[PDB]
Amino acid sequence: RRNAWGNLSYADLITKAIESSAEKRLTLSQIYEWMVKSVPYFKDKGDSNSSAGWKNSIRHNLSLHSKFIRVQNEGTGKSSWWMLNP
DNA sequence: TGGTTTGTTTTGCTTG
DNA sequence: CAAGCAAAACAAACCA
Ligand SMILES: [Ca+2]
């Protein structure tokens with residue numbers, strides 16, 4: 001097993017999180033929520049004391065890879081919609 | 001206000 | 001080298 005959560009990469013997980021939404025787009029917070037609810041390894045690492053490292057990598061992957069694109073959100077103070085780049 | 005989130009980038013290290 | 005994990009500097013936007 002490549003990582004402690006399996007053979008899927010962070011990018012792969014982010015992809016599954018987004019593909020799981022009916023609208024094919026999720027905010028950063030929703031992607032975190034999907035990890036904690038969907039990946040066994042992260043189930044007990046959603047708290048502030050242990051989520052810093054992996055959340056940082058999620059933000060890192062989202063910005064770094066062209067596979068993901070950011071879309072301006074609707075309304076005041078809401079963060080971007082993240083989706084798969086066609 | 002002043003701490004927290006979100007987002008962008010760069011760097012270090014390990015593998016195939 | 002490319003893929004990827006991990007750590008981290010910085011800064012605009014948020015928001016309690
Ligand atoms: Ca991107």
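Order of the sequence lines fixes the chain letters, A, B, ..., with proteins taken first and strands second; residue numbering starts at 1 for each chain. For the numbers below, each heavy atom of this structure counts, side chains included, while hydrogens, waters and symmetry mates do not.
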How long is the straight-line distance from CH2 of A:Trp81 back to CD of A:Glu74, given to the nearest 0.5 Å? 5.5 Å
Whole-Å gap separating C1' (B:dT6) and NZ (A:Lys55): 12 Å
Supply the atom-to-atom distance A:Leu84 CG to A:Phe68 CZ, rounded to the nearest 0.5 angstrom. 6.5 Å
Going only through I, L, V, M, F, W and Y residues with side-chain contacts under 4.5 Å, is there a path from A:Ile14 to A:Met83? no
Once you round it to whole Å, what is the distance between P of B:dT5 and CG of A:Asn73? 18 Å
Honestly curious: do A:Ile18 and A:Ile69 fall in one hydrophobic cluster under the side-chain, below-4.5 Å linking rule? no
Base-contact (B) and sugar-phosphate-only (S) positions in nucleotides 4-16 of chain C, heavy-atom cut-off under 4.0 Å, - elsewhere: -SBBB-----SS-
Does A:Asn73 reach the main-chain N or O of A:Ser79 with its side chain, forming a donor-acceptor pair under 3.5 Å? yes
For the pair made of CD in A:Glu33 and P in B:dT6, what is the distance, rounded to whole Å? 10 Å
Atom CZ of A:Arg59 and atom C1' of B:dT5: how far apart are they, to the nearest Å? 8 Å
Does B:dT8 have its OP1 or OP2 closer than 4.0 Å to a side-chain nitrogen or oxygen of A:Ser63? yes
Just checking, is any N or O donor in the side chain of A:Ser9 or A:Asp12 under 3.5 Å from an acceptor N or O on the other one? yes
Ignoring backbone atoms, test whether A:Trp82 places a side-chain nitrogen or oxygen under 4.0 Å from the OP1 or OP2 oxygen of B:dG7. yes
Give, ordered by number, those residues of residues 20-28 of chain A having at least one heavy-atom distance below 4.0 Å to an atom of DNA chain C; if nothing qualifies, reply none. none
Is the A:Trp5 to A:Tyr10 ring centre distance short of 6.0 Å? yes
